[PDB]
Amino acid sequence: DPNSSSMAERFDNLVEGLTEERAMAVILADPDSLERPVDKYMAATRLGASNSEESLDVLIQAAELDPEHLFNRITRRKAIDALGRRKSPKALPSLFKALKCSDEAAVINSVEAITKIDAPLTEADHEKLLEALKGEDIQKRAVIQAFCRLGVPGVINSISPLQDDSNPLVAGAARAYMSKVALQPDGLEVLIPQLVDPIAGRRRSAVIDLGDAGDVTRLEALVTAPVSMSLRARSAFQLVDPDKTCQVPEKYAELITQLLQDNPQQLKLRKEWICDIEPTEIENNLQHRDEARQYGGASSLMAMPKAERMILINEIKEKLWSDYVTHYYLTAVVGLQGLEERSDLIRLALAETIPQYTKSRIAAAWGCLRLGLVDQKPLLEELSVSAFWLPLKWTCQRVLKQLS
């Protein structure tokens, strides 16, 4: 319910799906013949949330849909995301033919789907997946990361010289593989400056790759990279809790804590990202498309003397509280600085059940500790056990054990 505190309007897209018996019926038909032809996409999405063997073998047929059509290739794409969600090895033959295809969006879906299934691939399978590797760089990067996560060392001869590909998106991936799969943790030093590259795609890539690499001594580098906390948290938990056991070793517990508290004034920010300490400049940066800029806006908002802050915070909030981006930096600034006057936002954000605003529950949980909001314990105790996302489940646990 954050549209109610909102001059800005966040519009959801609610589409009415199908049942399972109706989905199976329409997913293979010719869309020329269907009452509501849009039903052909929602049937793959719906059968991916199913569990029956009959529905899985219908998804395999939608994954083998004749691409001479335009309407059947889209449905083939969603059956392939669907077979990745189903995580059954029965899909593997379907997905490997998609590798051989022209529509390269179903190739990139099919690889990621094979990654999700995490089944044991054969020597022949590794070779077909290597054919996909010689596409173009956005596809190469998905093929390398598939070997990196599947943990497939036969292809070491192919990924190895990519480490010197000119595109950091391909090369970073190939160095991740060399660390994770071939156990040379040395290729990663390139990524540490790339965590503050002027080009946001490499900055995000570097966060992505350093977690795929499994070199936990890179954890401190993630703490301060101007990239979305969610990405940094996800990669940091791939290093400290590789098995998603919801337990961080207490040797790292403070380095994870400050990654998750995401203090904009202690992140590594270039001069161009830091805006002036003025009402309209804080507001552009928070509205910017790039997180590096946004951290600079939240950086200077904190820097503003408290009196004007208390109003700037308020006006910005009544303007954009439904913007999940602005909703996060507001919650964080209140909690990081301990602004007791805006204790209401720390409680609002922690109660936020709409999944988009999750990072804000993290900022709110750290704010309850900083502010001593012990009345929130029945809600922290709830998340400590049933919060779906690990960095959130773990944050509430840390706050509970030291909330007095």
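Sequential numbering from 1, following the sequence displayed.
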> Between 220 to 228 and 123 to 131, which has the higher average C-alpha B-factor in the PDB entry?
Replying inline: 123 to 131
> What stretch has the higher average Cα B-factor here, 157 to 165 or 252 to 260?
Replying inline: 252 to 260
> Of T75, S205, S88, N285, which one's C-alpha B factor is largest in the deposited record?
Replying inline: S88
> For the listed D118, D137, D81, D197, which has the peak Cα B-factor recorded in the PDB entry?
Replying inline: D118
>> Sorting by Cα B-factor within the chain, modelled residues only, which third would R370 end up in: lowest, middle or highest?
In response: middle
> Should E278 be placed in the lowest, middle or highest third of its chain by the C-alpha B factor in the entry?
Replying inline: highest
> Can you tell me which third, lowest, middle or highest, the CA B-factor of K268 falls into for its chain?
Replying inline: middle
> Lowest, middle or highest third: where is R175 by Cα B-factor in its chain?
Replying inline: lowest
> Sorting the chain's CA B-factors, does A363 end up in the lowest, middle or highest third?
Replying inline: lowest
